[PDB]
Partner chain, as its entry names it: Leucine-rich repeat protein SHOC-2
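Here's a solo chain for you in structure tokens, the form deposited without the partner chain.
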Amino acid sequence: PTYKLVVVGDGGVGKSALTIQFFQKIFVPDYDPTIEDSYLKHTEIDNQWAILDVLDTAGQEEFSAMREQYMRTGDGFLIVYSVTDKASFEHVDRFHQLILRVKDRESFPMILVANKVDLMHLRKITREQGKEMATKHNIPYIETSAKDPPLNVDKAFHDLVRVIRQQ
């Protein structure tokens, strides 16, 4: 049993830092913005084991054969924005629309991820706005931090698996 998950969002919001924290349990700062890898691990979620196949998307400018196949065959999406980056929040609508267009569905497993909440002196998008926008798309909302010690990183990926299993 494999779940194919896709992490999407504007550049610089922490998709790589979240994915690396989830798989390798380390915080990698300033990770190369252009590397797009997928990662697989065998893990236990609610006493049910599964292989998690996670694509860390990078560089939506040019065509990515990797991203094309994961977007088409993916089982769930994490939509990440940074609470310190207003534009990454505003583009949540674009990613949401794109996922439903590719899947040709009125709804699909996704979770809205508000990252970098450890940066309390820089926070621009309030928790209210985030919950508002998740409510608007009728998807779950979770706040995360990839910096040690990490906040809700495992829970974000596991909750997406839970959404997929509860269809």
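Positions refer to the first chain, counted from 1.
If you look for the form deposited with the partner chain bound, you will not find it shown, but the lines that follow are about it.
Between the options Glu106, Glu132, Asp30, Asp46, the residue in contact with the partner chain in the deposited bound form by a heavy atom within 4.5 angstroms is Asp30. By the criterion of a heavy atom within 4.5 Å, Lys147 is counted among the residues contacting the partner chain in the deposited bound form. Looking at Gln97, you'd find every heavy atom of it more than 4.5 angstroms from the partner chain in the deposited bound form. Heavy atoms closer than or equal to 4.5 Å to the partner chain in the deposited bound form belong, across 90 to 129, to the residues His121, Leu122, ordered by sequence position.
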